[PDB]
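The chain below stands alone and is given as structure tokens, in the form deposited without the DNA.
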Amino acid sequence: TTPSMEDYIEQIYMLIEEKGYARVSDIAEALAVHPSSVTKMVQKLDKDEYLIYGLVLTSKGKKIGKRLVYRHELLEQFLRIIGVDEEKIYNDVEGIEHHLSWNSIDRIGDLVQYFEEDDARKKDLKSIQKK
């Protein structure tokens, strides 16, 4: 499971969740790539049993897509919470998401929980940004 395959599964999962199905055309446009590039990855994903090529994810692909979508959202929340400009959050998440261990993700999970459970901590963090 390379970062590119992950990106595709993340995208396919999202499309299925949003529209109810994933068309190579929708994937190609969503990733801003050529449909051939997409056709090649889909076949690779099929071979690896993440999906069945009417694009359907196997239980294996759903678990992964779900984890990948969860990781993306958590990473945006993380950067949002620490005060990163909203417009820059998405691009940063896209480039780092597929390069972090689960250990890092889980610890970032606890960090987000840390600030979300007590707003006083968010206020203190903001203070430091001013100093």
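Don't overthink the numbering: it's just position in the shown sequence, from 1.
The form deposited with the DNA bound is left out here; the points below concern that form.
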statement: Only hit among 34, 47, 88, 99 for heavy atom within 4.5 Å of the DNA in the deposited bound form is 34
- line: Answer among 79-87, 65-73, 38-46, 102-110 for heavy atoms within 4.5 Å of the DNA in the deposited bound form: the stretch 38-46
field: Contact of residue 114 with the DNA in the deposited bound form (heavy atom, 4.5 Å)
entry: no
- prompt: Applying a 4.5 Å heavy atom distance criterion, does residue 122 contact the DNA in the deposited bound form?
  reply: no
message: Only counting heavy atoms and a 4.5 Å limit, does any residue of 49-88 reach the DNA in the deposited bound form, and if so which ones?
response: 53
